[PDB]
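One structure below.
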Amino acid sequence: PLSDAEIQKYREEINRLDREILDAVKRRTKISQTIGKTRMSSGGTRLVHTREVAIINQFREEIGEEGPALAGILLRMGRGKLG
Amino acid sequence: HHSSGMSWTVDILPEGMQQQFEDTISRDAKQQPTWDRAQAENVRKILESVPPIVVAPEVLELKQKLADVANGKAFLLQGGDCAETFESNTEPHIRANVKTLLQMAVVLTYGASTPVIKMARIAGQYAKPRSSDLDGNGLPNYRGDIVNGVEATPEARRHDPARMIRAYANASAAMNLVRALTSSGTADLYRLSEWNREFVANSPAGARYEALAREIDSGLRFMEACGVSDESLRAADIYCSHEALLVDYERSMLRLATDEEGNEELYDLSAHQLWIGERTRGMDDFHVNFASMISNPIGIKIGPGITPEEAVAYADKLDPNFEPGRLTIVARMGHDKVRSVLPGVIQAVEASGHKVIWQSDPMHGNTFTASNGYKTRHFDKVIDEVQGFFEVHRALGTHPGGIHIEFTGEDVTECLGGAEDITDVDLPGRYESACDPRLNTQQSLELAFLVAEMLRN
Amino acid sequence: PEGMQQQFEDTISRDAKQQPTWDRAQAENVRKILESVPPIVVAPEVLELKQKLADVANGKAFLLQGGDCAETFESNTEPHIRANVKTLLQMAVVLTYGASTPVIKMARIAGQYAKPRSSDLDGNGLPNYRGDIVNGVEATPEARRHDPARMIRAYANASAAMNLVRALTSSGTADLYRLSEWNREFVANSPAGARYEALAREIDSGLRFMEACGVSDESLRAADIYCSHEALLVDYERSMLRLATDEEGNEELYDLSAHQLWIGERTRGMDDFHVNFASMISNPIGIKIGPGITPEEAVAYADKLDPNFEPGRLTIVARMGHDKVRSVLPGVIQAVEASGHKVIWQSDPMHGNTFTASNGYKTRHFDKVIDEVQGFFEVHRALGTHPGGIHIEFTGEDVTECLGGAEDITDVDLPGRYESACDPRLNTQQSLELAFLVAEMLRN
Amino acid sequence: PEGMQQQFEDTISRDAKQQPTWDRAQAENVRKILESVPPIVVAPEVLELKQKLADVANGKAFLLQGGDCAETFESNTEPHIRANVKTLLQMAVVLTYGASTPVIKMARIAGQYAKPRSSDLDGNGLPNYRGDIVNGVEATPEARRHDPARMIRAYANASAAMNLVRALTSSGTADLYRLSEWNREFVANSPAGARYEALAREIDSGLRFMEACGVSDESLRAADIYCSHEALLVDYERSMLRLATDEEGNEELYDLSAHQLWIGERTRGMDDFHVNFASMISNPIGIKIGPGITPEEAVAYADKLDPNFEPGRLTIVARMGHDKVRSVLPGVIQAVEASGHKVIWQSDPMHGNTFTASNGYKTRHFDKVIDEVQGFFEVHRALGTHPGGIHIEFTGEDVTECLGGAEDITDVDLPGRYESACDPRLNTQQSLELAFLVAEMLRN
Ligand SMILES: O=C(O)[C@@H]1C[C@]2(C(=O)O)C=C[C@@H](O)[C@@H](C2)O1
Ligand SMILES: N[C@@H](Cc1c[nH]c2ccccc12)C(=O)O
Ligand SMILES: N[C@@H](Cc1c[nH]c2ccccc12)C(=O)O
Ligand SMILES: [Mn+2]
Ligand SMILES: [Mn+2]
Ligand SMILES: [Mn+2]
């Protein structure tokens, strides 16, 4: 139909957004790791629990059900898997 | 038929154990009470004929499980009160701690993909070590309920040998109930998981755990979906342990045991597992030499002044027959020392051919005294020691064998941080520990989920 | 020959569509031969299936059914049977984890030798292929002649196939841990393995949790696979009838050519043979319904086929097309539920989504297959009723019959390895993919 | 097929006695058909059997083998197969109680369709019946012609029988408490029930003891029956050869027409086909030895049929006649034990004790059948070696083929229900009696 032209144009927008998300996830990851290297070079902990929980609950308030999962990906990329 | 003749005629203290004992009894013994030698001896004679707290065959079974931990096939979860008291040795409290440990263990089993051996600080943990003998006022320090009382009076603080008898009574009441609970439904896997879902549902930090928790629930429904019966899932074994500290009590509970073959061993049957404290671990002293001559599995606390040479020397003294899981090395280094000190300890010990259990104690190296004069520990520092412990093991290729934590199933305000965000001013609300600050129920469950992820990596 | 003879007399006197035109005297002598042979299944097995199917209909279990569209004598080989059995079992492990309930595993095997047709039409070799129990695949007059003796051949092939299914499932092929290792190899090797990665790891952590918890068991080493086929051929199905007495002393009539038997879209006339035959046998039975079905026709089928209100007895198999399942099915479900019958609601996402491609090969798009099962779960969640099962046509061979999936099969790919004697089947990969996607549907 | 190929050409390049003379090109077409069909058993099963047979030879288990002397297509029916299966299982429970060890249960079934004949022809120039895999029982020129197509019929019948055997044993026919109720109604109904009362009461107390101890087990609901037959017909046996690759990666060659195959007394030439074929295959093997065997001849068989010294691999089947078993067997046993092979020692108390009665019928006296097994046990007890098992021909039907037993069958009784297509079989009663007596032998 005509809907294929609209869908293909909506998909190119999703592509541009997925690139944005990804570039920004990458940048965020770089900065989270620096904070960890700075805190650990001063004799602090790798993780800060109240800061993680806050970001996690913040994401849920924003997007619902998937918020904790989304946040969890950023926390894991940023401070590493636990263990 | 030379074996036919022989078979008819043949039909129709021991050895150097007494050597090693007198040697051990001769040695200096840190952290002991000052009480009448005659009174103390009379109490030891009473305690020498009473029923032990555990039987030897239980200890031989633990030894096989600890071998599995050491060989990379299982995980050790140890914990409970810093110090039991006779006032707190009550059904509801013992039950609160048993549940808490059992709850932590289901989560850890799921994350470890291995059995978890459940060892409680219980049924004997009545002796604590102290830096000085007297308080600021020349009042004798509280030394745990097996020595004296908490009350700050001279009567209460007097060192009383008869408290060894009260301690044995309370310990056996306690072990009795631990056995009854774990065999009558408290250790039911499905009941335990119902309590964990309530924890997640009601936690202010539940969103941190919900996904791991949904995963575990789907693992449990799967078990049942595959037609797996009730069988092993309705009960579990909890093992008791305490610091082997008070010489008179631990000697009075020595028992001989003869096994399947006819082999004769000396056991300290006040507990399944015993450990040697940081302040009592001189290689020439009573405690280390006592553990070296009893058959019980043994733990030893090592702080951040430990050198690898010293680690090897303990391993040689305590695991001389190269038995996996005979010895657990309990690293309590501080969250900022763990990454620095432990690698070289592990390397020398691994290279020397001992297969010890490597256990993290993230509590005793992370204690500080807050503005308001409360001894406390921060959740994040506790977590970060454990996390550092795991990082070391992943770097070396060795097995993170277990944890040793101080917690209670009560809603106390003793350690800072966690989901409830406990701060300096919250500490005096409900601080009930007779000694060190324990993780509360909520903090214990949070830690089990976090250590689950450490295992999963 | 009990006082139920009156029911039987009524059944065989009914018109039956889709039969062969062969010599009835010769057919009668082949029936008498097959009246004395060992059955394919024994009645206690059928009774056990019936308690399992009550579990499915009551919401406590899930029915996985599938296999070749048409079995053939040429393809009835150890490698081919093993591949389909493996695939079915592999799919079942993933569905079990997703459903959080046991999966009843039912194979289109050991009897699926008859197929319906428009009306035996052709130019030169006039008689169309009706399946290997009637005639042969070759387009000649000699091969296409309707031959009653193929009922003996069918039975011999059915026996051998069922023998082997039984041997595989008891000797290690259906071991839960071995099956999961094969699933691990699927994920590791799929171009879409990253789609399934997370759930696959979860299943494995689940299995490792069982072992860590002290559970060894005999349940994990082995598994039950039930056989099924379309009861289409009158002479074969009636010849495999047997009376069986229970532990309680009840005499019952079974068609022991199979555990489960179903009635096609093209043979489900209320006044005709197949529905009436299904009414008097005690095997659980299923019925295919397409997009034209009305809620009143569904209730009438349920009244006739489940006259004693035995949950699990009837399975209603919606084959409606992805584009009509959402609008047609809700009313059907609502009506049957209200009439008091507890059927198994099963989706057959294959037969409503077939078309012919520009190169003349019959195909099915993976997306339309998935979308029908997806839509079926949507209808069920809306009404709060139990998505009971699926019925899919697949094989554990690397065939090129259905479009889509991870390997991105397109029309040009189809002629490379098209091996069905009838409808296009999901290949091994598409089958395991769909298993994962239905697991997600089950988890929601 | 590299080390193997050398050995296979050597095997098929040797004389085979007791073969049919038929068109070889036909036989070869029939072999090509049978080389593609699903096997009667799969290799993992045979591997499991071999572990179990290793337990027998090492003195931790007992082998019970038996069934028809000769299966026929006519008699290959659900009732007849269930009857033999039931009887085999009932015997096995009694023998399990006496042995205090598991009993491995091995049916003569799903392929015992060939028999050795002394004269090819008879005195009036008619070919003898060689078994339903070669020709018919009907004594005419047409029915006695050697028909290689019967190999396909034998395969189809064996598939069906083995399919049924698996169905029965997984669906409740092998339940321990159900089998014990059948034993109980045997004892309560036998004219010699009082001979077995005490032992039956002991078993029941044992059963009820397990239940009282809280043993809830699926172990007790089902059981494994392995098939066996005499590997006689070259063409059928070689067409059922299959390569199976192991869990650790090894290629072995199996004859998958049965779990166990044996070599008859009239086909065991060291230089001939049957012994060399048996050496080649990795199925467990049996070999019939009669009264003329020497200890040296027995050791030569053990070297050749068990070259890798695998306990349980070889079963030596003593069929010597009751009057010779005590003289001949002791020396055979000592020689083979001293040569370092651990074989299963099995008694066949049937084929050494047959004779023709005054009325013309072939028969066996129960007392002589018993005395041979009794003697076999005496020899084992003296030497300190393990009585491994028994091999008996029986049916679960009320036949009049063997004399003696509780019902005191005599010459006059033989014509009543003589039904065997070859040797005289113990009827149900005699088989169940023999199980009890052999249980006492096991108990001593
Ligand atoms: O302290 C921090 O702010 C950083 C960033 C971090 C994140 O990635 O968002 C949040 C909390 C901490 O555990 C880690 C990860 O350190
Ligand atoms: N008995 C098993 C499973 C189990 C039962 N209760 C438990 C409580 C916690 C952890 C595991 C369990 C085990 O201890 O490993
Ligand atoms: N027999 C169990 C578990 C099992 C074994 N093999 C399987 C294969 C698929 C699904 C489940 C299984 C069941 O069917 O529930
Ligand atoms: Mn403490
Ligand atoms: Mn189809
Ligand atoms: Mn015979």
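Scheme for the structure tokens: letters A, B, ... for chains in order shown; per-chain residue numbers from 1; ligand numbers from 1 in order shown.
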
* To do: Mind checking which residues fall within 7 Å of residue 63 (chain B), counting only C-alpha atoms, ignoring those fewer than 5 positions away in the same chain, and posting them as a VMD selection string?
  => chain B and resid 297 325 to 326

Could you write those residues out with N, CA and C atoms, as a CSV table (one decimal), in the first residue's frame?
```
chain,number,residue,atom,x,y,z
B,297,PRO,N,36.1,-29.5,61.3
B,297,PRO,CA,36.6,-28.5,60.4
B,297,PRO,C,36.9,-27.2,61.1
B,325,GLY,N,38.9,-28.5,52.5
B,325,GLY,CA,37.9,-28.0,53.4
B,325,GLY,C,38.0,-28.3,54.8
B,326,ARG,N,39.0,-29.0,55.2
B,326,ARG,CA,39.5,-29.1,56.6
B,326,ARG,C,39.6,-27.6,57.3
```

* Distance filter 9 Å around ligand 2, atoms: only C-alpha atoms and all ligand atoms, out as a PyMOL selection string -> (chain B and resi 101-110+114-118+182+186-190+192-193+231-238) or (chain C and resi 210-215)

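Any residue of chain C with an atom within 6 Å of chain B counts; using only C-alpha atoms, that gives residues 97, 100, 101, 102, 206, 208, 209 and 212 of chain C.
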
* Taking only C-alpha atoms and all ligand atoms into account, report as a PyMOL selection string which residues have an atom no farther than 7 Å from an atom of ligand 1. => chain A and resi 29+32-33+35-36+46-49+51-52+74-75+78-79

With N, CA and C atoms retained, write the just-selected residues as a compact mmCIF listing (two decimals), in the first residue's frame.
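Generated output (part.txt):
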```
# COMPACT_ATOMS: atom_id res chain seq x y z
N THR A 29 28.59 5.64 29.91
CA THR A 29 29.39 4.53 30.41
C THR A 29 30.81 5.03 30.74
N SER A 32 30.56 7.24 34.07
CA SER A 32 30.38 6.32 35.20
C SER A 32 31.68 5.58 35.58
N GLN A 33 32.47 5.09 34.61
CA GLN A 33 33.73 4.37 34.91
C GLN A 33 34.77 5.28 35.54
N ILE A 35 34.16 7.98 37.39
CA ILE A 35 33.74 8.19 38.80
C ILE A 35 34.20 7.03 39.70
N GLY A 36 34.00 5.81 39.21
CA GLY A 36 34.53 4.64 39.87
C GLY A 36 36.05 4.61 40.04
N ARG A 46 33.76 0.45 45.08
CA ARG A 46 33.36 0.44 43.66
C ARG A 46 31.92 0.92 43.41
N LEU A 47 30.99 0.45 44.23
CA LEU A 47 29.57 0.74 44.11
C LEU A 47 29.10 1.65 45.23
N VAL A 48 28.05 2.44 44.94
CA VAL A 48 27.29 3.23 45.92
C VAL A 48 25.80 2.87 45.81
N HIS A 49 25.32 2.07 46.76
CA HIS A 49 23.97 1.46 46.72
C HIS A 49 22.81 2.45 46.65
N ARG A 51 22.83 5.46 45.56
CA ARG A 51 22.87 6.14 44.25
C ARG A 51 22.32 5.24 43.14
N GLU A 52 22.60 3.94 43.18
CA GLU A 52 22.02 2.99 42.22
C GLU A 52 20.51 2.88 42.36
N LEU A 74 22.60 0.23 32.33
CA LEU A 74 23.52 1.37 32.40
C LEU A 74 24.45 1.22 33.56
N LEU A 75 23.91 0.70 34.64
CA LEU A 75 24.70 0.48 35.84
C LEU A 75 25.75 -0.63 35.56
N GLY A 78 28.39 0.66 33.14
CA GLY A 78 29.15 1.70 33.84
C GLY A 78 30.07 1.29 34.98
N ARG A 79 29.61 0.42 35.88
CA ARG A 79 30.45 -0.05 37.01
C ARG A 79 30.84 -1.52 36.94
```

* Hey, what's within 12 Å of residue 177 (chain D) if we count only C-alpha atoms and toss same-chain stuff fewer than 6 positions away? As a ChimeraX atom specification, please? -> /D:89-90,93,183-184,203-208,210-211,219-222

* Asked: If you count only C-alpha atoms and all ligand atoms, which residues end up within 12 Å of ligand 4, as a PyMOL selection string?
  -> chain B and resi 79-84+121+125-130+144+242-243+277-278+301+332+361-367+375-377+404-407+433-439

Store the residues picked out above in a file with C-alpha atoms, as an mmCIF file, in the first residue's frame.
```cif
data_model
loop_
_atom_site.group_PDB
_atom_site.id
_atom_site.type_symbol
_atom_site.label_atom_id
_atom_site.label_comp_id
_atom_site.auth_asym_id
_atom_site.auth_seq_id
_atom_site.Cartn_x
_atom_site.Cartn_y
_atom_site.Cartn_z
ATOM 1 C CA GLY B 79 26.477 -16.043 59.986
ATOM 2 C CA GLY B 80 24.229 -14.950 62.797
ATOM 3 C CA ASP B 81 24.598 -12.840 65.936
ATOM 4 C CA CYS B 82 27.972 -11.346 66.729
ATOM 5 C CA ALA B 83 27.337 -12.574 70.236
ATOM 6 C CA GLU B 84 24.452 -14.678 71.560
ATOM 7 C CA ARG B 121 26.831 -18.536 64.501
ATOM 8 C CA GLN B 125 28.939 -17.989 70.561
ATOM 9 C CA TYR B 126 29.096 -16.656 74.153
ATOM 10 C CA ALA B 127 32.764 -15.618 74.464
ATOM 11 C CA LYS B 128 34.096 -12.372 72.956
ATOM 12 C CA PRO B 129 37.676 -11.079 72.977
ATOM 13 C CA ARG B 130 38.532 -7.642 74.420
ATOM 14 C CA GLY B 144 30.298 -12.559 76.757
ATOM 15 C CA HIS B 242 31.446 -20.400 67.169
ATOM 16 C CA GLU B 243 34.858 -18.936 67.958
ATOM 17 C CA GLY B 277 40.002 -15.311 66.138
ATOM 18 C CA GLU B 278 42.292 -12.580 64.903
ATOM 19 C CA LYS B 301 40.511 -15.138 60.720
ATOM 20 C CA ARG B 332 38.612 -9.836 57.083
ATOM 21 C CA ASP B 361 34.238 -11.792 56.417
ATOM 22 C CA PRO B 362 33.338 -8.245 55.335
ATOM 23 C CA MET B 363 32.314 -7.103 58.869
ATOM 24 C CA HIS B 364 35.249 -7.062 61.316
ATOM 25 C CA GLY B 365 37.623 -4.955 59.139
ATOM 26 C CA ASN B 366 34.959 -2.305 58.373
ATOM 27 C CA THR B 367 33.876 -1.210 61.861
ATOM 28 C CA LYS B 375 29.996 1.276 66.832
ATOM 29 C CA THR B 376 28.647 0.827 63.247
ATOM 30 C CA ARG B 377 29.518 -0.435 59.733
ATOM 31 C CA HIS B 404 30.770 -15.006 56.985
ATOM 32 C CA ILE B 405 28.387 -12.226 58.040
ATOM 33 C CA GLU B 406 26.918 -10.870 61.290
ATOM 34 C CA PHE B 407 23.154 -10.390 60.947
ATOM 35 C CA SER B 433 23.483 -6.206 69.771
ATOM 36 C CA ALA B 434 25.535 -7.096 72.861
ATOM 37 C CA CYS B 435 28.666 -6.634 70.725
ATOM 38 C CA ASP B 436 29.234 -5.688 67.047
ATOM 39 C CA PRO B 437 26.667 -4.017 64.685
ATOM 40 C CA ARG B 438 24.728 -6.623 62.709
ATOM 41 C CA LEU B 439 23.023 -6.343 59.346
#
```

* To do: List the neighbours of residue 415 (chain C) out to 10 Å using only C-alpha atoms; skip same-chain residues closer than 5 positions along the sequence, and give me the result as JSON, numbers by chain.
  => {"C": [359, 360, 361, 399, 400, 401]}

Generate a file of the selected residues that holds C-alpha atoms, formatted as a compact mmCIF listing (two decimals), in the first residue's frame.
```txt
# COMPACT_ATOMS: atom_id res chain seq x y z
CA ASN C 359 7.38 -19.47 -8.23
CA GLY C 360 4.41 -21.85 -7.53
CA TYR C 361 5.62 -23.29 -4.19
CA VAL C 399 14.25 -27.56 4.71
CA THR C 400 13.24 -24.44 2.79
CA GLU C 401 9.47 -24.52 3.00
```

* Residue contacts of region 25-37 of chain B (12 Å, only C-alpha atoms) excluding same-chain residues fewer than 4 positions away, as a ChimeraX atom specification -> /B:18-21,41-44,127-134,140-148,157-164,243-251,276-290,293

With 12 Å as the cut-off and only C-alpha atoms counted, what is the closest atom pair between each nearby residue of chain B and chain A? Distances in Å to one decimal, ordered by chain and number, as CSV.
```
residue,atom,partner,partner_atom,distance
B:111,CA,A:83,CA,11.2
B:112,CA,A:83,CA,11.4
B:203,CA,A:53,CA,11.0
B:204,CA,A:53,CA,8.7
B:205,CA,A:53,CA,6.0
B:206,CA,A:53,CA,8.8
B:207,CA,A:68,CA,6.0
B:208,CA,A:53,CA,6.5
B:209,CA,A:68,CA,9.3
B:210,CA,A:68,CA,8.8
B:211,CA,A:69,CA,7.9
B:212,CA,A:69,CA,10.8
B:334,CA,A:43,CA,10.5
B:335,CA,A:45,CA,7.2
B:336,CA,A:43,CA,5.6
B:337,CA,A:43,CA,8.9
B:338,CA,A:43,CA,11.2
B:339,CA,A:40,CA,10.9
B:340,CA,A:43,CA,11.4
B:366,CA,A:45,CA,11.8
B:378,CA,A:49,CA,10.7
B:379,CA,A:49,CA,8.2
B:380,CA,A:48,CA,6.2
B:381,CA,A:45,CA,6.4
B:382,CA,A:45,CA,9.4
B:383,CA,A:47,CA,8.2
B:384,CA,A:45,CA,5.5
B:385,CA,A:45,CA,8.3
B:386,CA,A:83,CA,8.3
B:387,CA,A:83,CA,5.4
B:388,CA,A:83,CA,7.7
B:389,CA,A:83,CA,8.2
B:390,CA,A:83,CA,5.0
B:391,CA,A:83,CA,5.8
B:392,CA,A:83,CA,9.2
B:393,CA,A:83,CA,9.0
B:394,CA,A:83,CA,7.9
B:395,CA,A:83,CA,10.6
B:399,CA,A:83,CA,11.9
B:400,CA,A:83,CA,9.7
B:416,CA,A:50,CA,11.1
B:417,CA,A:50,CA,7.5
B:418,CA,A:49,CA,6.6
B:419,CA,A:50,CA,6.7
B:420,CA,A:50,CA,9.0
B:421,CA,A:50,CA,7.0
B:422,CA,A:50,CA,10.4
B:423,CA,A:50,CA,11.8
B:443,CA,A:49,CA,11.4
B:446,CA,A:49,CA,10.3
B:447,CA,A:49,CA,10.9
B:449,CA,A:82,CA,10.9
B:450,CA,A:82,CA,7.7
B:451,CA,A:83,CA,7.7
B:452,CA,A:83,CA,8.9
B:453,CA,A:82,CA,5.8
B:454,CA,A:83,CA,3.6
B:455,CA,A:83,CA,6.2
B:456,CA,A:83,CA,7.6
B:457,CA,A:83,CA,5.2
```

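Proximity of D:392, D:88, D:194, D:200 to ligand 6, computed with only C-alpha atoms and all ligand atoms, is greatest for D:392.
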
* Test item, strand (DSSP E or B) assignment across region 172-383 of chain C, answer as an NGL selection string -> :C and (225-230 or 241-245 or 251-255 or 260-263 or 285-289 or 314-318 or 344-347 or 355-356 or 362-363 or 365)

Give me, as JSON lines, each residue of chain D that comes within 9 Å of ligand 6, together with its shortest interatomic pair and the distance in Å at one decimal, counting only C-alpha atoms and all ligand atoms, with rows ordered by chain and rising residue number.
```
{"residue": "D:68", "atom": "CA", "partner": "ligand 6", "partner_atom_place_in_ligand_line": "1 (Mn)", "distance": 7.7}
{"residue": "D:69", "atom": "CA", "partner": "ligand 6", "partner_atom_place_in_ligand_line": "1 (Mn)", "distance": 4.1}
{"residue": "D:70", "atom": "CA", "partner": "ligand 6", "partner_atom_place_in_ligand_line": "1 (Mn)", "distance": 6.8}
{"residue": "D:115", "atom": "CA", "partner": "ligand 6", "partner_atom_place_in_ligand_line": "1 (Mn)", "distance": 8.1}
{"residue": "D:350", "atom": "CA", "partner": "ligand 6", "partner_atom_place_in_ligand_line": "1 (Mn)", "distance": 7.5}
{"residue": "D:351", "atom": "CA", "partner": "ligand 6", "partner_atom_place_in_ligand_line": "1 (Mn)", "distance": 6.4}
{"residue": "D:392", "atom": "CA", "partner": "ligand 6", "partner_atom_place_in_ligand_line": "1 (Mn)", "distance": 8.8}
{"residue": "D:393", "atom": "CA", "partner": "ligand 6", "partner_atom_place_in_ligand_line": "1 (Mn)", "distance": 6.6}
{"residue": "D:422", "atom": "CA", "partner": "ligand 6", "partner_atom_place_in_ligand_line": "1 (Mn)", "distance": 6.4}
{"residue": "D:423", "atom": "CA", "partner": "ligand 6", "partner_atom_place_in_ligand_line": "1 (Mn)", "distance": 4.8}
{"residue": "D:424", "atom": "CA", "partner": "ligand 6", "partner_atom_place_in_ligand_line": "1 (Mn)", "distance": 7.5}
{"residue": "D:425", "atom": "CA", "partner": "ligand 6", "partner_atom_place_in_ligand_line": "1 (Mn)", "distance": 8.2}
```

Export of prior selection with N, CA and C atoms as a tab-separated table (two decimals), in the first residue's frame:
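See part_29.tsv below for the written result:
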```
chain	number	residue	atom	x	y	z
D	68	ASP	N	7.96	-68.08	23.57
D	68	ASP	CA	7.67	-69.11	22.57
D	68	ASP	C	8.94	-69.77	22.09
D	69	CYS	N	8.86	-71.07	21.86
D	69	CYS	CA	9.89	-71.73	21.06
D	69	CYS	C	9.95	-71.04	19.70
D	70	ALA	N	8.78	-70.80	19.11
D	70	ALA	CA	8.68	-70.23	17.75
D	70	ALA	C	7.50	-69.28	17.62
D	115	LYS	N	13.78	-71.44	12.49
D	115	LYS	CA	14.12	-72.66	13.23
D	115	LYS	C	15.02	-73.57	12.39
D	350	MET	N	15.33	-77.13	28.59
D	350	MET	CA	14.29	-77.54	27.69
D	350	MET	C	14.84	-78.46	26.60
D	351	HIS	N	15.81	-77.97	25.82
D	351	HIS	CA	16.19	-78.63	24.54
D	351	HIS	C	16.99	-79.92	24.70
D	392	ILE	N	13.99	-70.51	29.21
D	392	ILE	CA	12.89	-71.47	29.16
D	392	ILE	C	11.85	-71.12	28.11
D	393	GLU	N	11.29	-72.13	27.48
D	393	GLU	CA	10.27	-71.92	26.49
D	393	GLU	C	8.95	-72.16	27.19
D	422	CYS	N	6.54	-75.19	17.07
D	422	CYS	CA	7.74	-76.04	17.17
D	422	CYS	C	7.77	-76.85	18.49
D	423	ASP	N	8.69	-76.54	19.42
D	423	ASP	CA	8.89	-77.40	20.60
D	423	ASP	C	7.76	-77.27	21.64
D	424	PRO	N	7.62	-78.27	22.52
D	424	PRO	CA	6.69	-78.18	23.66
D	424	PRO	C	7.06	-77.09	24.69
D	425	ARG	N	6.09	-76.23	25.01
D	425	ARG	CA	6.27	-75.12	25.94
D	425	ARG	C	5.59	-75.42	27.28
```

* Asked: Excluding same-chain residues fewer than 4 positions from region 49-61 of chain B, what lies within 9 Å of it counting only C-alpha atoms, as a VMD selection string?
  -> chain B and resid 45 65 to 66 123 168 171 to 172 175 to 176 239 to 240 252 to 259 267 to 273 295 to 297

How would the residues just picked look written out with C-alpha atoms as a CSV table (one decimal), in the first residue's frame?
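Just written: part_39.csv:
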```
chain,number,residue,atom,x,y,z
B,45,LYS,CA,34.1,-32.4,85.1
B,65,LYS,CA,30.4,-30.8,52.2
B,66,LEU,CA,33.3,-28.5,53.1
B,123,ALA,CA,24.6,-22.6,70.1
B,168,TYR,CA,25.9,-25.4,77.7
B,171,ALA,CA,23.5,-23.9,73.5
B,172,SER,CA,21.7,-27.3,73.6
B,175,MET,CA,20.7,-26.5,68.8
B,176,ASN,CA,17.6,-28.5,69.7
B,239,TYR,CA,25.4,-26.4,61.0
B,240,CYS,CA,26.4,-24.6,64.3
B,252,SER,CA,35.3,-30.0,78.6
B,253,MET,CA,33.5,-30.8,75.3
B,254,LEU,CA,36.3,-32.9,73.8
B,255,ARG,CA,35.0,-36.3,72.9
B,256,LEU,CA,36.4,-39.5,71.4
B,257,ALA,CA,34.6,-40.9,68.3
B,258,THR,CA,35.2,-44.1,66.5
B,259,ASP,CA,34.1,-44.4,62.9
B,267,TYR,CA,36.5,-34.0,68.3
B,268,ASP,CA,35.4,-30.8,70.0
B,269,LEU,CA,31.7,-31.5,70.1
B,270,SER,CA,30.5,-28.1,71.4
B,271,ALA,CA,29.9,-27.3,67.7
B,272,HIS,CA,30.3,-28.7,64.1
B,273,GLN,CA,32.8,-26.0,63.1
B,295,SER,CA,39.1,-33.3,63.9
B,296,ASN,CA,36.4,-30.7,63.5
B,297,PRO,CA,36.6,-28.5,60.4
```

* **Atomic separation - CA of residue 427 (chain D) relative to CA of residue 143 (chain D), Å** =>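 Rounded to one decimal, the two atoms are 28.9 Å apart.
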
* Kindly compile the residues surrounding ligand 5 within 12 Å, counting only C-alpha atoms and all ligand atoms, and format them as a ChimeraX atom specification. => /C:66-71,108,112-117,131,229-230,264-265,288,319,348-354,362-364,391-394,420-426

* To do: Between C:141, C:111, C:172, C:125, single out the one closest to ligand 3, counting only C-alpha atoms and all ligand atoms.
  =>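 Of the candidates, the smallest distance to ligand 3 is held by C:172.
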
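For the pair CA of residue 31 (chain D) and CA of residue 239 (chain D), the interatomic distance is 5.1 Å.
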
Report as a tab-separated table: every residue of chain C with an atom at most 6 Å from chain D, its closest pair of atoms, and their distance in Å to one decimal, counting only C-alpha atoms, with rows sorted by chain and ascending residue number.
```
residue	atom	partner	partner_atom	distance
C:37	CA	D:77	CA	5.6
C:38	CA	D:78	CA	4.9
C:45	CA	D:171	CA	5.9
C:77	CA	D:38	CA	5.5
C:78	CA	D:38	CA	4.8
C:156	CA	D:156	CA	5.3
C:159	CA	D:160	CA	5.0
C:160	CA	D:159	CA	5.0
C:163	CA	D:163	CA	4.1
C:171	CA	D:45	CA	5.9
```

* **Straight-line distance linking CA of residue 287 (chain C) with CA of residue 272 (chain C), stated in Å to one decimal** => 13.9 Å

* To do: Give the helix (DSSP H, G or I) residues of chain A, as assigned by DSSP on the backbone, as a PyMOL selection string.
  => chain A and resi 3-41+49-63+67-79
